[PDB]
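A.B. asks: Structure provided below as structure tokens; questions to follow.
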Ligand SMILES: Nc1nc2c(ncn2[C@@H]2O[C@H](COP(=O)(O)OP(=O)(O)O)[C@@H](O)[C@H]2O)c(=O)[nH]1
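Residue numbers (the entry's author numbering), protein chains in the order written: chain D7, 1 to 426; chain D, 204 to 251.
See below:
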């Protein structure tokens with residue numbers, strides 16, 4: 001009865017959500033030809049959230065593939081699980097957005113946005129009531145930051161009631177690429193503060209941090225760290241997709257995690273995770289998932305939760321478990337670690353229980369929390385932005401294609417006051 | 204007098220020959236974990 005429409009923009013966005021449709025497929029028994037194998041009532045009764053029928057029995061994903069190049073959307077199509085998406089929902093664009101935010105937002109992305117908005121209006125409005133939109137993009141390039149936020153602006157005015165959950169990938173600046181990361185990041189943040197209900201902040205360095213000091217991988221590749229993101233994307237909408245003892249919804253997360261509308265930037269994480277020679281050494285109980293869901297490194301953003309306070313927090317447990325432990329462990333972290341938890345909200349925790357655990361595992365859990373330590377991400381991009389800005393850095397591309405100087409100062413204002421608003425509640 | 208016959212072959216004429224094409228045939232064959240069979244065996248039949 002409720003549908004999530006996934007729109008993926010950018011090279012980062014298309015590759016992450018290709019893993020997302022791969023993990024949703026085997027959570028739902030979908031073969032990469034559309035056929036469904038394996039017999040279970042629960043794996044199809046709520047598949048309308050992510051798949052539609054095709055009068056051939058083919059379950060087709062709600063994917064609105066987008067990038068301003070015939071590049072990674074060719075590799076997504078040619079790879080495994082690439083025949084699922086409609087060839088119609090593959091809007092190409094041939095001019096190219098070269099890591100420039102104004103390219104996707106103003107001067108090349110404005111002539112293809114009228115087609116991807118037509119596609120998403122054909123595919124999302126043609127039902128009784130859609131639950132919301134799920135947008136996957138990186139705010140580091142030109143396509144995800146530029147075209148992604150342009151569609152975000154147009155969707156929030158056409159549907160100013162639905163939930164837009166955005167798994168944004170902020171530029172992690174300690175080790176990174178492209179020299180225009182602070183320009184593309186800050187020029188998108190001052191839009192995501194208004195017209196975006198939820199923004200889950202993801203940094204690549206934290207994905208390497210899990211891949212090095214939790215999974216003990218040899219060579220963490222882009223596919224492995226896109227798999228960890230798709231774990232969190234599937235885990236948040238678990239109750240929307242399967243029955244449970246304590247069901248939830250994306251609006252239940254929104255109303256229990258947003259004290260004020262501007263503060264909606266969440267730290268995400270997901271860990272019943274373990275190394276290769278330790279799953280047969282490590283147990284599995286609610287306290288053990290709890291202690292690896294607050295700790296330091298399970299966060300997929302490079303922001304230490306100890307360097308701040310939790311305004312509010314939520315926990316999406318999955319699988320067969322006792323309802324006493326899922327309540328008592330959130331109490332136990334609340335009263336033991338009280339410094340990293342605000343007081344003007346008492347009892348800052350939501351728990352919610354799915355009954356169907358993910359494939360292979362016995363129980364999993366995903367964190368989404370509104371920690372005020374997210375100020376150190378906007379500060380770590382602002383101090384790079386003002387460094388370039390004082391001597392008028394790589395800018396004649398941005399100004400030459402139709403941006404005045406006031407847009408950049410307005411970018412600094414709405415992101416400096418975001419840090420200041422997080423200061424008042426820390 | 205003889206003619207010193209022109210031995211010579213440019214960069215563009217020497218230093219590449221057609222390589223063999225790379226041998227690529229490997230998909231990601233993933234064995235699906237079977238759906239774990241479900242008894243959160245419900246209330247009516249469970250106690251009465
Ligand atoms: N997680 C992830 N990040 C990516 C991937 N490809 C590129 N990135 C990151 O995205 C940034 C470049 O932006 P990108 O989305 O590729 O450019 P765009 O296509 O113009 O939007 C770089 O800092 C990369 O680290 C990917 O497949 N997965």
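Virtual Cβ for every residue (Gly too), placed ideally from N, Cα, C.
#1: Where does the unbroken beta strand (DSSP E) through residue 200 (chain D7) begin, and where does it stop?
#2: Comparing the C-beta of residue 228 (chain D) with each C-beta of chain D7, is any distance below 8 Å?
#3: Look up residue 172 (chain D7) in the DSSP assignment and say whether it is helix, strand or coil.
#4: With a threshold of 6 Å on Cβ separation, who are the neighbours of residue 58 (chain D7) within its own chain once the five nearest residues in sequence on each side are excluded?
#5: For the 8 Å Cβ check, are there 3 or more pairs between the region 335-353 of chain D7 and the region 201-218 of chain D7?
#6: Does the Cβ of residue 12 (chain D7) lie closer than 7 Å to at least one heavy atom of ligand 1?
#7: Measure the CB-CB distance between residue 250 (chain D7) and residue 132 (chain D7) and report whether it falls below 8 Å.
#8: In or out: residue 260 (chain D7) buried (at least 16 other Cβ within 10 Å) or exposed?
#9: Compute every distance between the C-beta of residue 15 (chain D7) and the non-hydrogen atoms of ligand 1, then say whether any falls below 7 Å.
#10: Can you name the residues that DSSP bridges to residue 52 (chain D7)?
#11: Using 8 Å as the threshold, is the region 30-44 of chain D7 in touch with the region 71-85 of chain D7, meaning 3 or more CB pairs across them?
#12: Measure how close the beta-carbons of residue 368 (chain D7) and residue 257 (chain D7) come, nearest whole angstrom, since I'm counting them as under 8 Å.
#13: Quick one: what does DSSP say residue 247 (chain D) is sitting in, helix, strand or coil?
#14: Pick out whichever of 392 (chain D7), 91 (chain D7) and 52 (chain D7) has its Cα sitting closest to the Cα of residue 10 (chain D7).
#15: Shorter than 8 Å from the beta carbon of residue 154 (chain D7) to some beta carbon of chain D?
#16: Output needed for residue 103 (chain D7): all residues of its chain with C-beta closer than 6 Å, excluding positions within five of it in sequence on either side, in chain order.
#17: Any heavy atom of ligand 1 closer than 7 Å to the beta-carbon of residue 149 (chain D7)?
#18: Compute the beta-carbon to beta-carbon distance between residue 38 (chain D7) and residue 144 (chain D7), rounded to the nearest angstrom, for a pair I have assumed lies under 8 Å.
#19: Between residue 175 (chain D7) and ligand 1, is the CB less than 7 Å from at least one heavy atom?
#20: On the three-pair Cβ rule with 8 Å, is the region 46-57 of chain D7 touching the region 182-192 of chain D7?
#21: With H, G and I counted as helix, E and B as strand and the rest as coil, what does DSSP make of residue 367 (chain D7)?
#22: In terms of residues, what are the limits of the alpha helix (DSSP H) holding residue 121 (chain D7)?
#23: Does the region 399-409 of chain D7 come close enough to the region 298-308 of chain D7 that 3 or more CB-CB pairs lie under 8 Å?
#24: May I ask whether a heavy atom of ligand 2 can be found less than 7 Å away from the beta carbon of residue 67 (chain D7)?
#25: Using a 10 Å radius around the Cβ and a threshold of 16 neighbouring Cβ atoms, would you call residue 177 (chain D7) buried or exposed?
#26: Does the CB of residue 46 (chain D7) have a neighbour CB from chain D at under 8 Å?
#27: Can you give, in chain order, each stretch of the beta strand (DSSP E) that sits fully within the region 120-164 of chain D7 and has at least 3 residues?
#28: Mapping the DSSP letters down to three states, classify residue 6 (chain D7) as helix, strand or coil.
#29: Indicate the three-state DSSP secondary structure (helix, strand or coil) for residue 350 (chain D7) in the structure shown.
#30: State yes or no: is the beta carbon of residue 241 (chain D) nearer than 8 Å to at least one beta carbon in chain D7?
#31: On a CA-only basis, which of 6 (chain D7), 167 (chain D7) and 271 (chain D7) is nearest residue 123 (chain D7)? Give me that one, please.
C.D. replies: So, from the listed chains and residues:
#1: 198-203
#2: no
#3: coil
#4: 34
#5: no
#6: yes
#7: yes
#8: exposed
#9: yes
#10: 60 (chain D7)
#11: yes
#12: 7 Å
#13: helix
#14: 91 (chain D7)
#15: no
#16: 97, 142 and 146
#17: no
#18: So it is not a contact: roughly 35 Å between Cβ atoms.
#19: no
#20: no
#21: strand
#22: 113-124
#23: no
#24: No copy of ligand 2 appears in this structure; the ligands present are ligand 1.
#25: exposed
#26: no
#27: 132-138
#28: strand
#29: strand
#30: yes
#31: 6 (chain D7)
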